[PDB]
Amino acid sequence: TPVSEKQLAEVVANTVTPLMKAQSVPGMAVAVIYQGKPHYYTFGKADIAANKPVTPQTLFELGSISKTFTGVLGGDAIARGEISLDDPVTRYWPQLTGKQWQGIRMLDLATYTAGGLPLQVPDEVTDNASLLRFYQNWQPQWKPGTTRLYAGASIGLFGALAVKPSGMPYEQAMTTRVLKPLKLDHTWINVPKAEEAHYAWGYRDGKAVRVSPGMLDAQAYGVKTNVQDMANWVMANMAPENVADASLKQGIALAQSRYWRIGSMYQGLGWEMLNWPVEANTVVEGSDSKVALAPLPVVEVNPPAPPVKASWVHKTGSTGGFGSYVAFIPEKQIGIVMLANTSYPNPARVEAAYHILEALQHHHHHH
């Protein structure tokens, strides 16, 4: 039942064309990973005003898909013996002397279980001193390890602390330990002026926009990349047996380990996982912001379960002007990347991606 390029191209087009119309998406780049190989599909415009078409080289903002890079870099640090998820946060930031921090572990930051850290670091925070004030002033609503509340302020901090023992700035640690080893040479925390010709504009309510700088931006939402590098990132995570760098391979395994169970999802490091087989509605309902952003009770997996091959591993991510999603099933060696220059509802992303991967697993051969 080996699905031809043409039949794959038609499946993708048949889902993506109507999606971009219904959601008013100017531009989309799609990769489908199938039998060891990425396949690329591009639609519409990277830049409306200048009439520039999306290509497999166009850069998109990943928004929260950046957190998968943070989890893997953090896993690489663990594999290097530089940090432990079991360590108190104060071990890496002794300045966090507030009593509410006793009992909060690097594990908790990494997996949103610290007790209610907020969705974003406050816009008022502009430097180290104001960042410290923020964490020092923060009053948790729950005790550590009891409630998951998805938060860029939690994993963002985990990412900044993870790299401290390295003595490298985060961008340098990420480039040296993750991006260069995987040959992700068009993946940027800061897009160079030389690369700006490839950088899509984002769109929100008719306005051209790009993500604004912020504290812990690189760790929580600041990665930009094209559909080729993103496909290669998904492949490294889908088939870590192909990752020649040993500590990075082990980091990838740690980022897909199961730390907590929250209903039908398990929380990895940045990555989230549902067991396969999973029905569309279960994945789609999960991505609705009424569930995705809610504080929910966790069940600890003790010790953390190592990666399960029969998983739907995925991550959504947005910025003001961008909406993206990636998913893969390591058992089946298939996966999808959908990068867009408008932030449209997460359940619409998941439904499309799921439809395409389902159509790839249940293709017909009758003509």
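Numbers follow the displayed sequence, beginning with 1.
Asks: On average, are the C-alpha B-factors higher in 284 to 292 or in 255 to 263?
Replies: The stretch with the larger mean CA B-factor is 284 to 292.
Asks: Should the higher mean CA B-factor in the entry be assigned to 164 to 172 or to 229 to 237?
Replies: Comparing 164 to 172 with 229 to 237, the higher average CA B-factor belongs to 164 to 172.
Asks: Among 70, 51, 64, 311, which residue carries the highest C-alpha B-factor recorded in the PDB entry?
Replies: If I rank 70, 51, 64, 311 by C-alpha B-factor, first place goes to 51.
Asks: Which one of 194, 269, 179, 223 shows the biggest C-alpha B-factor in the PDB entry?
Replies: Of the candidates given, the C-alpha B-factor peaks at 194.
Asks: Going by the recorded CA B-factors, say which third of the chain residue 99 sits in, lowest, middle or highest.
Replies: It falls in the top third of the chain.
Asks: So where's residue 188 on the chain's Cα temperature factor ranking, which third?
Replies: Residue 188: CA B-factor falls in the middle third of its chain.
Asks: Taking the chain's C-alpha temperature factors as the reference, tell me which third residue 317 falls into: lowest, middle or highest.
Replies: For residue 317, the deposited C-alpha B-factor lands in the lowest third.
Asks: Please say which third, lowest, middle or highest, residue 148 falls into when its CA temperature factor is compared across its chain.
Replies: Its C-alpha B-factor belongs to the lowest third of this chain's values.
Asks: If you rank every modelled residue in this chain by C-alpha B factor, which third holds residue 27: lowest, middle or highest?
Replies: It falls in the bottom third of the chain.
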